[PDB]
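To begin, one chain is listed below as structure tokens, in the form deposited without the DNA.
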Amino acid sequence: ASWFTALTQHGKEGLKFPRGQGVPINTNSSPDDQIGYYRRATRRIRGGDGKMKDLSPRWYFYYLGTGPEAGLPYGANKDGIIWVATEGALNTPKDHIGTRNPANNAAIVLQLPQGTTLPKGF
């Protein structure tokens, strides 16, 4: 499980951030730790007609070296994965932060610093 709540893509543009932006605020992490990826999670449902459809994609953040793409190095090219890093982060895996157990931690509400650029529809 991600440490954070998702970003929902209500529009047609997939997620991306300008370099330096996009890492969720987490006061239980340090400057070196501010680096990772969002991963798209799509869900299907039965619509009100007889028919399966996609819900709006969700994008969940994971620290570098953790989560479903724990094996990927920063910048690796993969569909549904985008990368973010705050100025000064170390490009090292964040096993010390890891992923969340919902049994014993709520998700942290995803917040970005004042004035982050967001694609249309986030």
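Quick note: we count residues from 1 along the sequence shown, nothing fancier.
Only in words, not in the display: the form deposited with the DNA bound, which the text now covers.
In the entry with it bound, at least one heavy atom of residue 5 sits within 4.5 Å of a heavy atom of the DNA. Interface residue remark: residue 71 is not counted as part of the site for the DNA in the entry with it bound, having no heavy atom within 4.5 Å. At least one heavy atom of residue 62 is located within 4.5 Å of the DNA in the entry with it bound. In the entry with it bound, residue 76 stays away from the DNA, with no heavy atom inside 4.5 Å.
Shown here without the DNA, the chain has 41, 43, 45, 46, 47, 48, 55, 58, 60, 62 in 40 to 70 lying with a heavy atom within 4.5 Å of that partner in the entry with it bound.
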